[PDB]
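A.B. asks: Structure below; questions to follow.
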Amino acid sequence: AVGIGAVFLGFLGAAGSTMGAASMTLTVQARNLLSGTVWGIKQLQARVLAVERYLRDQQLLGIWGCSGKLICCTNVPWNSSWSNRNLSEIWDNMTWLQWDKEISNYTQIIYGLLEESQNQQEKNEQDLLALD
Amino acid sequence: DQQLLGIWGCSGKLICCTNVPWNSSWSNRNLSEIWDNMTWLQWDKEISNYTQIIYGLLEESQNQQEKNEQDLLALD
Amino acid sequence: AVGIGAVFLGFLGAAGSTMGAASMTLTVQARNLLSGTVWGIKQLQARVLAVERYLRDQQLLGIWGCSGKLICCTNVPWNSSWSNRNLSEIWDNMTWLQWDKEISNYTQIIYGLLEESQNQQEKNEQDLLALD
Amino acid sequence: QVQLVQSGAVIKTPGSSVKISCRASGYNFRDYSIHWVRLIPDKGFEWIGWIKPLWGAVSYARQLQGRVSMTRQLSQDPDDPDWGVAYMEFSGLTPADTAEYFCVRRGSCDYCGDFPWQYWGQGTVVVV
Amino acid sequence: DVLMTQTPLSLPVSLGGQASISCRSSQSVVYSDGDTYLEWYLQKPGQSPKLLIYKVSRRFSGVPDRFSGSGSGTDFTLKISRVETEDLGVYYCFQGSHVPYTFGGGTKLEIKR
Amino acid sequence: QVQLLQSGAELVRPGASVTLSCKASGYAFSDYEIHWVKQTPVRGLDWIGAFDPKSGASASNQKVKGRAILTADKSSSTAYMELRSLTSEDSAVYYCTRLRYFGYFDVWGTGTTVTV
Amino acid sequence: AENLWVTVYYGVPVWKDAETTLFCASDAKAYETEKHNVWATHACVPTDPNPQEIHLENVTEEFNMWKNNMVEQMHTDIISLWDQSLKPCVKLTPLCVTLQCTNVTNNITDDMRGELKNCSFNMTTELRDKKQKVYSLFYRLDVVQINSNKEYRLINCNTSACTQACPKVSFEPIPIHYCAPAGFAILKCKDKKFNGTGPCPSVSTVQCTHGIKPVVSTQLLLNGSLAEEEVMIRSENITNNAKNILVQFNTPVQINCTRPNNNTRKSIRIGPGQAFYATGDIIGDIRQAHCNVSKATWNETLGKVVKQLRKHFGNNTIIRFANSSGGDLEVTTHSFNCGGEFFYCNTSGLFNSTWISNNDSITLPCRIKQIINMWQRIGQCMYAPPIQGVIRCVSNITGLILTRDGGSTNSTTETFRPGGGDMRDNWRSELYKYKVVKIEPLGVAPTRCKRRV
Amino acid sequence: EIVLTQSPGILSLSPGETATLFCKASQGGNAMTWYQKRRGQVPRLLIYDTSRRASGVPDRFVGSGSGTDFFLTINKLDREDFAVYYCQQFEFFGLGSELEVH
Ligand SMILES: *[C@@H]1O[C@H](CO)[C@@H](O[C@@H]2O[C@H](CO)[C@@H](O[C@@H]3O[C@H](CO[C@H]4O[C@H](CO)[C@@H](O)[C@H](O[C@H]5O[C@H](CO)[C@@H](O)[C@H](O)[C@@H]5O)[C@@H]4O)[C@@H](O)[C@H](O[C@H]4O[C@H](CO)[C@@H](O)[C@H](O)[C@@H]4O[C@H]4O[C@H](CO)[C@@H](O)[C@H](O)[C@@H]4O[C@H]4O[C@H](CO)[C@@H](O)[C@H](O)[C@@H]4O)[C@@H]3O)[C@H](O)[C@H]2NC(C)=O)[C@H](O)[C@H]1NC(C)=O
Ligand SMILES: *[C@@H]1O[C@H](CO)[C@@H](O[C@@H]2O[C@H](CO)[C@@H](O[C@@H]3O[C@H](CO[C@H]4O[C@H](CO)[C@@H](O)[C@H](O)[C@@H]4O)[C@@H](O)[C@H](O[C@H]4O[C@H](CO)[C@@H](O)[C@H](O)[C@@H]4O[C@H]4O[C@H](CO)[C@@H](O)[C@H](O)[C@@H]4O)[C@@H]3O)[C@H](O)[C@H]2NC(C)=O)[C@H](O)[C@H]1NC(C)=O
Ligand SMILES: *[C@@H]1O[C@H](CO)[C@@H](O[C@@H]2O[C@H](CO)[C@@H](O[C@@H]3O[C@H](CO[C@H]4O[C@H](CO)[C@@H](O)[C@H](O)[C@@H]4O)[C@@H](O)[C@H](O[C@H]4O[C@H](CO)[C@@H](O)[C@H](O)[C@@H]4O)[C@@H]3O)[C@H](O)[C@H]2NC(C)=O)[C@H](O)[C@H]1NC(C)=O
Ligand SMILES: *[C@@H]1O[C@H](CO)[C@@H](O[C@@H]2O[C@H](CO)[C@@H](O[C@@H]3O[C@H](CO)[C@@H](O)[C@H](O[C@H]4O[C@H](CO)[C@@H](O)[C@H](O)[C@@H]4O)[C@@H]3O)[C@H](O)[C@H]2NC(C)=O)[C@H](O)[C@H]1NC(C)=O
Ligand SMILES: *[C@@H]1O[C@H](CO)[C@@H](O[C@@H]2O[C@H](CO)[C@@H](O[C@@H]3O[C@H](CO)[C@@H](O)[C@H](O[C@H]4O[C@H](CO)[C@@H](O)[C@H](O)[C@@H]4O)[C@@H]3O)[C@H](O)[C@H]2NC(C)=O)[C@H](O)[C@H]1NC(C)=O
Ligand SMILES: *[C@@H]1O[C@H](CO)[C@@H](O[C@@H]2O[C@H](CO)[C@@H](O[C@@H]3O[C@H](CO)[C@@H](O)[C@H](O[C@H]4O[C@H](CO)[C@@H](O)[C@H](O)[C@@H]4O)[C@@H]3O)[C@H](O)[C@H]2NC(C)=O)[C@H](O)[C@H]1NC(C)=O
Ligand SMILES: *[C@@H]1O[C@H](CO)[C@@H](O[C@@H]2O[C@H](CO)[C@@H](O[C@@H]3O[C@H](CO[C@H]4O[C@H](CO)[C@@H](O)[C@H](O)[C@@H]4O)[C@@H](O)[C@H](O)[C@@H]3O)[C@H](O)[C@H]2NC(C)=O)[C@H](O)[C@H]1NC(C)=O
Ligand SMILES: *[C@@H]1O[C@H](CO)[C@@H](O[C@@H]2O[C@H](CO)[C@@H](O[C@@H]3O[C@H](CO)[C@@H](O)[C@H](O)[C@@H]3O)[C@H](O)[C@H]2NC(C)=O)[C@H](O)[C@H]1NC(C)=O
Ligand SMILES: *[C@@H]1O[C@H](CO)[C@@H](O[C@@H]2O[C@H](CO)[C@@H](O[C@@H]3O[C@H](CO)[C@@H](O)[C@H](O)[C@@H]3O)[C@H](O)[C@H]2NC(C)=O)[C@H](O)[C@H]1NC(C)=O
Ligand SMILES: *[C@@H]1O[C@H](CO)[C@@H](O[C@@H]2O[C@H](CO)[C@@H](O)[C@H](O)[C@H]2NC(C)=O)[C@H](O)[C@H]1NC(C)=O
Ligand SMILES: *[C@@H]1O[C@H](CO)[C@@H](O[C@@H]2O[C@H](CO)[C@@H](O)[C@H](O)[C@H]2NC(C)=O)[C@H](O)[C@H]1NC(C)=O
Ligand SMILES: *[C@@H]1O[C@H](CO)[C@@H](O[C@@H]2O[C@H](CO)[C@@H](O)[C@H](O)[C@H]2NC(C)=O)[C@H](O)[C@H]1NC(C)=O
Ligand SMILES: *[C@@H]1O[C@H](CO)[C@@H](O)[C@H](O)[C@H]1NC(C)=O
Ligand SMILES: *[C@@H]1O[C@H](CO)[C@@H](O)[C@H](O)[C@H]1NC(C)=O
Ligand SMILES: *[C@@H]1O[C@H](CO)[C@@H](O)[C@H](O)[C@H]1NC(C)=O
């Protein structure tokens, strides 16, 4: 009576789905990530841990190309030695949980490449608006 | 509040054009009468009943815009 | 063995460098600005002071033209009575610490001019998308 | 440090009952179980039992039931909560029970089991 | 598994008599919307199963003024004033509460003789 | 009009594969779900699973898990099945159905008596 | 097309395990009654109702109840909150005093020992100059003899000043729902046949845990959560013997425990605003408290647990039970609370059996302490006050805690003895379904699209 | 019960050489513990969890194995290392292998 698509649209409802189908609903996981005599200190430090981690994530977005786009095209090529898989096999075969273990080893290279790309883009835009 | 902006089209614009048409059954008032007659306090009671429809329409519009931009930058 | 450029890329590593050379690394100072029985209250109020000051700074950016660009072109002309210095002498002579004392007197004029410029830009964009 | 101090070696008669103490010091005594193990010449090791000193819940070897008994004594002061004493009354003494007895404690690591007996008493020789 | 139990199984009830079927769950049937999702059904031999009630006591349009659901939490009960020849067959409880869905065990209504 | 046109009876030998087709008509097909119910006379009513036409979601319970793959052609409005190596206990009367989001089972299929 | 570009995706469902503090919340009917009736009417929030238990498909999360967290921090939290419900209460510092005890008025036999003593003693009053001779009734287990005459004192006097429980607050369980904070999630194993270790094929996230009523019990854990269809035994390593064997059976065994004495309490003033609740007269027959289970249902559930224990130990195996080997009183037998008074009720009658490979009841006798030393601290005790009238309660035995013996030398029988030990094995029997994970957004992936200039 | 059987018994080798002791268990699936006991002294835990070295154990002691077959290898023996070596699974024990100076 509730329907399968209704609990599909819940929190973490697409963790077993394909990542192409899981891409349709990312705002749900992004929304239940911020809001939700001695014990007030424990709940208070839990709340500030939540907002501080959300700010760390929004800053790591903000130092890249996108501030609030939630889907971010960018300009570093995928080094195919990182995963060596076809496109249509990963967007229709695996989940996100299965993909993260495949790319957990090759990470913090990608983040530095994104920061280098954004620094290069900002200085190129500075030069372009400088000569104009 | 900044996340509810950020899931829509605008992150920090503070004035946000967007792309869902105003269903005129929501308020059925003229333009120049609402921009020159009422306050914001008087308007909110007129649109308090028709809200959370508008927010879902904005999220649907932004999801459609992101997938259309993904397709457009995909074929390029 | 560590190299001079490695500690150049550290936190506050370019405070004695020229501001043109210090402009290459701004994300480091922007990153170590957010994250890092009675004492829990003191550390908790320190953490919320840090995130509240970061939010004040991101709002003062957000009311101007740029939300997360970290380098912001804008559209108010530099009144040359503020500093009366040449371009290539300030981008190759002084640090940022030396520049702030030169512009500490002429500030909160600049912020109001930026807010006026952004309000004018938003109403002009509203009119432009209105006639379209 | 973790120290286990037993009593001296004792000579008993057949049919008697030996009481052997095991003073433990240098850790929170209420947390870790205390095992008892014996060493017989030409027989190797043999396990006797364990005691959990928080309440005193014990478990004995199956072929030693009815003979063995294990008690403990905790430290009740807010100054020395570390030390404690275990005991073993081993009764129904036979001439075969001439052996060296050890009171042992496991390690403190995460992958440590209960039976990887890290710390050892110096041993008490019982001759019947 | 929120496996349902139906008591009793068989009910010989003369035509015009009264009948009541009880069902019990292993968990609460309550969903996040506050509306517990219970659906009382039909089955006749040689035909497809059909609706009777799609909620607690909100019956489907096409049901006369005799059928009603009742109960709370985990224990629920049907109520019929007069048993017809159309009211014969097998009845069923059902949870639409949360995945996996479970049915009951089937209740046959017959006539006293 | 308000129908769930299933296939006929399916005399399928054991060890083979079994498909189905719910060639429904009458309404929009995205807005209504497709679920699958068994009838045995021993147990009564049982489940297979669900396919969501809008989101592409699908699931199957643990007894039917490892066999059933629920797909559908949205243009021709035909549900499908892939059963794999059934038994004589799987010989039952199957039912294509419909749900709404927070709705109820409006329509009921005719029942395919798959007897193995 | 072959020039694949990377794209980040924020808000991605993917997680890892984590250790964080959780947040208690109890049901709103407990909040309908107010102002410190029981603990955490203020320390927890009222729940948002009907918590979102939504199914999650095609997922294989390995669980582990033994290295599980949130049973560690619950064992910390209930101890700390048990201490936080004793600070407003009365200290029994002025009551550590010489007692002049004697036998209660009762038919006396030399062989038999009375469980109660009638102790008179001096006690201070509201006025510091004056004092009063006052008497009470105590159990044998609360008094010891200090050494013609026969004068006693309380046992805890030489180690710790004691704290009376406030009679206003109660000890009954109210169900806690543990809730994950923002940025975490609670997974629940919806699987049926699940020994708490390894893969669970059907997990489901949930907002808050279900109703966890806190029972204090050493053996024979009470008012618990029943299994679905089978009887499931659970251990960390069954071939090991130092790890307990948590048994959970399907149909509960009803236990009826009572105290047939009719106590009268007696308020004794110690100082200004200080009241000590003693025991006045016994009105009626002096009797011994007990518990009752049914013989048929208990032998049936023992048959079930033998049938399930033979899955790990061979079919041609003799399985027998025994009573406890020894220890302190509150581990040799099962302790509980019934309406605000603690029972230590002997279980040598239940666990006496042996099993071959092919309207009665049991009366098992109890004892009552009034001081307790729960979790075995160094300077903490609790004087539980007496309560009026004949006391009885009804509970459903849900599970067990067992222990195998280390049987070498060709042991055919495998005897099983009960043992409480740690309280956490009570708590682990209810958090076997739950684990906690940390939501990690900002997934990154290659696709075919390129950001323009 | 679990019966531990150590194969070599007496092992006579020279100092500086390597050595390999072996134990076999009746029931497979568990860990294995290796103890060192010299002549007339307190015993000493070499290996727990079949491959982990204890505190104060030099890295020349290497544990390995699986199922029923378990290996304890000592590389470049010292004169202190000539002792009796016991295997223990739970409460059971082997009869111990003796290491002797050839
Ligand atoms: C609650 O608090 C109450 C308030 O304190 C408390 O009540 C008091 O308890 C104490 C001890 O139990 C009482 O002391 C005893 O008092 C007995 C009663 O005698 C009084 O009344 C007589 C009138 O009937 C008076 O004549 C008498 O005065 C005479 O005796 C004095 C004795 O020293 C003397 O100094 C005077 O000058 C005068 O000559 C007194 O005022 C008293 O009899 C008793 O002495 C012995 O008698 C008992 C038999 O009747 C024996 O059973 C008892 O044990 C005593 O034996 C002593 O003597 C033996 C022989 O020499 C020794 O072998 C014994 O060991 C023992 O010696 C001890 O006591 C000596 C003092 O008597 C002392 O000098 C020794 O060093 C040794 O320590 C004893 O004095 C007190 O009277 C109570 N007060 C009140 C108001 O009731 C009560 O106990 C608390 N508890 C409860 C549950 O209520
Ligand atoms: C396993 O789970 C079961 C199921 O809950 C549980 O059994 C229940 O135990 C509780 C606690 O022992 C019982 O609650 C007591 O019930 C009696 C009876 O009154 C109730 O029932 C009648 C009829 O059902 C109702 O009409 C009535 O309204 C009550 O609901 C009460 O006398 C008790 O009240 C006293 O204690 C409360 C503690 O908070 C106080 O709030 C209350 O005001 C009473 O205390 C005051 O009065 C006393 C007498 O005047 C006085 O001496 C005190 O000092 C104080 O001033 C209490 O409500 C409940 O009935 C049991 N349910 C069943 C079905 O038996 C098991 O206990 C549990 N197992 C374990 C081990 O915990
Ligand atoms: C635990 O032990 C204590 C020991 O102190 C007991 O307390 C005493 O108990 C006795 C007997 O139970 C009580 O004695 C009775 O007192 C009654 C009330 O006392 C008034 O009347 C007497 C006159 O007798 C006055 O002296 C006194 O000041 C009071 O004004 C009396 O009515 C009783 O008398 C009846 O019984 C006697 C028996 O000999 C008959 O001869 C009489 O005719 C009459 O029928 C009796 O004397 C005593 O009062 C208690 N003391 C205190 C301080 O309370 C506890 O009872 C005991 N508790 C238990 C559970 O065992
Ligand atoms: C304190 O220390 C800092 C750190 O070293 C120091 O700053 C340095 O100053 C020198 C000049 O004094 C800088 O060198 C120049 O920097 C400019 C910056 O744009 C370059 O363009 C220059 O390049 C020209 O010269 C080259 C040969 O020298 C030519 O090949 C080229 O074509 C250009 O014509 C030149 O490199 C140096 O970069 C900075 N370094 C930093 C990190 O800022 C400062 O002077 C010191 N101050 C005091 C008071 O001690
Ligand atoms: C675990 O459960 C998930 C949830 O059901 C399951 O994922 C599903 O897998 C099937 C295939 O195995 C998916 O079906 C396909 O999905 C792709 C996604 O783009 C579609 O393009 C496909 O459409 C083609 O096929 C249609 C007919 O079948 C044609 O008409 C059409 O033109 C296309 O050619 C097809 O629908 C299904 O979408 C997913 N569902 C989700 C929510 O991801 C997964 O396989 C299960 N895994 C395991 C191990 O059990
Ligand atoms: C009682 O039984 C439980 C479960 O039945 C058992 O718990 C497991 O113990 C092992 C240690 O033997 C734990 O360690 C893991 O073991 C797995 C497979 O063995 C591996 O993934 C890891 O070890 C590998 O890596 C090591 C270093 O790289 C190698 O040296 C080694 O040879 C392995 O290849 C990992 O460490 C495991 O986590 C637990 N599991 C659980 C659920 O607790 C326990 O050991 C038994 N008790 C005793 C005393 O034997
Ligand atoms: C605080 O005071 C309490 C009251 O005295 C103490 O509780 C009791 O303390 C005694 C020790 O003095 C414990 O043991 C008793 O000891 C006597 C004599 O001991 C001899 O006999 C035993 C018999 O096994 C033997 O083992 C000894 O070595 C001696 O040879 C016995 O007659 C008793 O039966 C009993 O064994 C008591 O057990 C203990 N009471 C309880 C309820 O445990 C308490 O220890 C004091 N604590 C502090 C910190 O001072
Ligand atoms: C994409 O994958 C290729 C894999 O072939 C990467 O090429 C290899 O990159 C590593 C470092 O990432 C190079 O190692 C380097 O070796 C020199 C030798 O002196 C050392 O000094 C460096 O510190 C570093 O370790 C390796 O040589 C290189 N392979 C070849 C054949 O040159 C490539 O870097 C990957 N692209 C990205 C963006 O990561
Ligand atoms: C487990 O069951 C056994 C037998 O059913 C219990 O053993 C029995 O324990 C009682 C009391 O502990 C013994 O009674 C005697 O009491 C007097 C009191 O003075 C004392 O002097 C004697 O030395 C003895 O303690 C009884 O003899 C004994 N029987 C046997 C055959 O050992 C055992 O207590 C039960 N375990 C628990 C924890 O209750
Ligand atoms: C009063 O109580 C005392 C002890 O509180 C009794 O004295 C001993 O009691 C135990 C059991 O309680 C018996 O085994 C002893 O035989 C008793 N001692 C003697 C010498 O008989 C005493 O019997 C009780 N009754 C009286 C009248 O004093
Ligand atoms: C425990 O006590 C309850 C009473 O609360 C008993 O339940 C009743 O027992 C009588 C038998 O005398 C039956 O006639 C009633 O129908 C029972 N009532 C209910 C609600 O079950 C129960 O039998 C007692 N248990 C034991 C083992 O004695
Ligand atoms: C455990 O159970 C056994 C029987 O299952 C009980 O044995 C009884 O022992 C007495 C001897 O004192 C005999 O008179 C009885 O006939 C025995 N009972 C049976 C049924 O044969 C034993 O009492 C039980 N243990 C306890 C502590 O009660
Ligand atoms: C990731 O790299 C490590 C070596 O740094 C390697 O051990 C591991 O197997 C790699 N993971 C995968 C999934 O290949
Ligand atoms: C809003 O809708 C409600 C019915 O949901 C109605 O009662 C109310 O009058 C409406 N408000 C306005 C301002 O029309
Ligand atoms: C800034 O202006 C103040 C007067 O408001 C003056 O005193 C000060 O010298 C000025 N600073 C500089 C660097 O010129």
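Readers should treat all values here as calculations from the given coordinates under stated rules, not as data from a laboratory. A quick note on method: Cβ atoms are made from the backbone with ideal geometry, for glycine too, and the neighbour counts reach across all protein chains shown.
A.B. asks: Using θ = phi - 60° and the Karplus form 6.51 cos²θ - 1.76 cosθ + 1.60, what ³J(HN,Hα) does each residue of the range G:56-64 get, whole Hz, x for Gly and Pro?
C.D. replies: Couplings: 9, 9, 6, 9, 9, 9, 6, 10, 7 Hz.
A.B. asks: Which far-off residues, 5 or more places away or on another chain, put their amide H under 5 Å from the one on G:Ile439, with H placed in the peptide plane?
C.D. replies: Those qualifying (amide H under 5 Å, at least 5 residues apart or on another chain) are G:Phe184, G:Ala185.
A.B. asks: For chain G, rounded, prolate or oblate, judged on the Cα gyration tensor with a ≥ b ≥ c (square roots of eigenvalues), a/c < 1.5 rounded, else prolate if a/b > b/c? Before the final figure, lay out each step's value.
C.D. replies: Working: a/c = 2.70, a/b = 1.54, b/c = 1.74.
Note, shape of chain G comes out oblate.
A.B. asks: So, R0 is 60 Å and r is the distance between the beta-carbons of A:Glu102 and G:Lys91; what FRET efficiency does that work out to, to 0.05? Before the final figure, lay out the partial values.
C.D. replies: Numbers: r = 62 Å, r/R0 = 1.04.
After rounding to 0.05, the efficiency reads 0.45.
A.B. asks: Identify, among E:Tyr31, H:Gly94, G:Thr354, the residue whose Cα sits farthest towards the positive end of the charge dipole of the protein assembly as shown, taking +1 on the Cβ of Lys and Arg and -1 on the Cβ of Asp and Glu, with the dipole about the Cα centre.
C.D. replies: Of the listed residues, the answer is G:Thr354.
A.B. asks: Which residues' amide hydrogens lie under 5 Å from the amide hydrogen of G:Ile54, considering only partners 5 or more residues apart or on another chain, with H built in the peptide plane?
C.D. replies: G:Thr205
A.B. asks: Relative contact order for the range H:3-55: what is it in percent, counting Cα pairs under 8 Å that are at least 6 residues apart? Before the final figure, lay out each step's value.
C.D. replies: Values: 55 pairs, mean separation 13.8, N = 53.
Dividing the mean separation by the residue count of the range H:3-55 yields 26 percent.
A.B. asks: Return the loop-located chymotrypsin sites (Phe, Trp or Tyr not before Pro) in the range D:42-128 (DSSP other than H, G, I, E, B) with at most 11 other Cβ atoms within 10 Å of their own Cβ; answer none if there are none. The partial results should precede the final answer.
C.D. replies: On the way: sites: D:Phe45, D:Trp47, D:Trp50, D:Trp55, D:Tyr60, D:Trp83, D:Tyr87, D:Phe90, D:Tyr101, D:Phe102, D:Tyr111, D:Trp117, D:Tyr119, D:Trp120; in loops: D:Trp55, D:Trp83, D:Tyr111.
Counting only loop positions with at most 11 other Cβ atoms within 10 Å, the chymotrypsin sites (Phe, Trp or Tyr not before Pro) in the range D:42-128 are D:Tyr111.
A.B. asks: Okay, moving on. Mind listing the lone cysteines of chain C, meaning no other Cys beta-carbon sits under 4.7 Å from theirs?
C.D. replies: C:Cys73 - these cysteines have no disulfide-compatible partner (Cβ-Cβ under 4.7 Å) in chain C.
A.B. asks: Okay, next question. Please say if the protein assembly as shown is rounded, prolate or oblate, where rounded means a/c under 1.5 for a ≥ b ≥ c the square roots of the C-alpha gyration tensor eigenvalues, and otherwise the choice is prolate for a/b larger than b/c and oblate otherwise?
C.D. replies: Details: a/c = 1.59, a/b = 1.33, b/c = 1.20.
Because a/c hits 1.5 or more and a/b exceeds b/c, the protein assembly as shown counts as prolate.
A.B. asks: Give me the distance in nm between label points sitting 7 Å out from Cα along the Cα-to-Cβ direction at F:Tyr80 and G:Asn358, one decimal.
C.D. replies: So the label points at F:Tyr80 and G:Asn358 sit 5.9 nm apart.
A.B. asks: Moving to a separate point now. So what are the ³J(HN,Hα) numbers for the range G:320-332, from phi and the Karplus equation (6.51, -1.76, 1.60; θ = phi - 60°), rounded to whole Hz, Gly and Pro as x?
C.D. replies: Once rounded to whole Hz, the list reads 10, 10, 8, 7, 6, 6, x, x, 6, 4, 8, 10, 6.
A.B. asks: Using only DSSP helix segments of four residues or longer, with each worth -39500 (n - 2.57), what per-residue ellipticity at 222 nm results for chain B after dividing by its residue count and rounding to 500?
C.D. replies: Numbers: 4 runs with 40 residues, N = 76.
Roughly -15500 deg cm²/dmol at 222 nm, from the helical runs in chain B.
A.B. asks: Treat every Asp and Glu Cβ in chain G as -1 and every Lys and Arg Cβ as +1, leave all other atoms uncharged, and give the resulting dipole magnitude about the Cα centre to the nearest 20 debye. Working shown, then result.
C.D. replies: On the way: 49 positive and 40 negative charges, 111 e Å.
About 540 debye.
A.B. asks: While we're here: Between C:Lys42 and C:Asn124, what length comes free when the chain is fully extended (0.36 nm per residue of separation minus the Cα-Cα distance, one decimal in nm)?
C.D. replies: Values: separation 82, 0.36 × 82 = 29.52 nm, distance 4.71 nm.
Fully extending the segment from C:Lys42 to C:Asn124 adds 24.8 nm.
A.B. asks: Relative contact order (percent) for chain F, with alpha-carbon contacts under 8 angstrom and 6 or more residues of separation? Present the calculation step by step, with values, prior to reporting the outcome.
C.D. replies: Values: 271 pairs, mean separation 40.9, N = 116.
Contact order relative to length: 35 percent.
A.B. asks: I'd like the Karplus ³J(HN,Hα) series for the range C:53-66: coefficients 6.51, -1.76, 1.60, θ = phi - 60°, whole numbers in Hz, and an x wherever there's a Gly or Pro.
C.D. replies: Along the range C:53-66, the couplings run 5, 5, 6, 4, 5, 5, 6, 5, 5, x, 7, 9, x, 10 Hz.
A.B. asks: Over 29 Å between C-alpha atoms is what I'm after, so list which of E:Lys108/F:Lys65; F:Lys23/G:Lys193; E:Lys44/F:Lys23; F:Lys23/G:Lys190; G:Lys192/G:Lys213 land there. All intermediate terms of the calculation are to be shown ahead of the outcome.
C.D. replies: Values: E:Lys108/F:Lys65 31 Å; F:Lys23/G:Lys193 39 Å; E:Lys44/F:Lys23 24 Å; F:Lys23/G:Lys190 34 Å; G:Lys192/G:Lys213 22 Å.
Where the Cα-Cα span goes over 29 Å, the pairs concerned are E:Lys108/F:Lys65; F:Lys23/G:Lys193; F:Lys23/G:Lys190.
A.B. asks: Multiplying the sequence separation of G:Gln376 and G:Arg424 by 0.36 nm and subtracting their Cα-Cα distance, what value in nm do you get? Could the numbers behind the result be given before it?
C.D. replies: On the way: separation 48, 0.36 × 48 = 17.28 nm, distance 1.40 nm.
Result: 15.9 nm gained on full extension.
A.B. asks: Still on this structure: Under 17 Å Cα-Cα from G:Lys91, which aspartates and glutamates qualify once same-chain neighbours fewer than 8 residues away are excluded?
C.D. replies: Qualifying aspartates and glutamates at Cα under 17 Å: G:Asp83, G:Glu126, G:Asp142.
A.B. asks: With r as the distance between the Cβ atoms of D:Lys19 and D:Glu100 and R0 = 22 Å, compute the FRET efficiency 1/(1 + (r/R0)^6) and round to 0.05. List each step's numbers first, then the result.
C.D. replies: Numbers: r = 16 Å, r/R0 = 0.74.
About 0.85, to the nearest 0.05.
A.B. asks: Give the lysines reachable from B:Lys13 as a straight Cα distance under 30 Å; neighbours fewer than 8 places away on the same chain don't count.
C.D. replies: A:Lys69, A:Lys123, B:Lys45, B:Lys67, C:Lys69, C:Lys123, G:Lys450
A.B. asks: A further question on this structure: Shape call for the range G:106-261 from the C-alpha gyration tensor, a ≥ b ≥ c root eigenvalues: rounded (a/c under 1.5), prolate (a/b greater than b/c) or oblate? It would help to have the intermediate numbers written out before the result.
C.D. replies: Working: a/c = 3.05, a/b = 2.10, b/c = 1.45.
Since a/c reaches 1.5 and a/b is larger than b/c, the shape of the range G:106-261 is classed as prolate.
A.B. asks: In nanometres, what is the gap between the two model label sites at G:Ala1 and G:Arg310, each 7 Å from Cα along Cα-to-Cβ?
C.D. replies: Computed distance between label sites G:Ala1 and G:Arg310 equals 6.5 nm.
A.B. asks: Give the long-range amide H neighbours of G:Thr7: residues separated by 5 or more places, or on another chain, with amide H under 5 Å away, using H modelled in the peptide plane at 1.01 Å from N.
C.D. replies: G:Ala445, G:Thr447
A.B. asks: Do any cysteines of chain B lack a neighbour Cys whose Cβ is under 4.7 Å away, and which are they?
C.D. replies: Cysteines of chain B left without a disulfide-compatible partner: B:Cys17.
A.B. asks: Can you give the calculated 222 nm mean residue ellipticity of chain G, where each DSSP H run of n ≥ 4 adds -39,500 (n - 2.57) and the sum is split over every residue, rounded to the nearest 500 deg cm²/dmol? Could the numbers behind the result be given before it?
C.D. replies: Details: 5 runs with 42 residues, N = 453.
Roughly -2500 deg cm²/dmol at 222 nm, from the helical runs in chain G.
A.B. asks: Mind giving me the FRET efficiency for G:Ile146 and G:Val45? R0 is 35 Å, r the Cβ-Cβ distance, nearest 0.05 is fine.
C.D. replies: Numbers: r = 50 Å, r/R0 = 1.44.
The formula returns an efficiency of 0.10 here.
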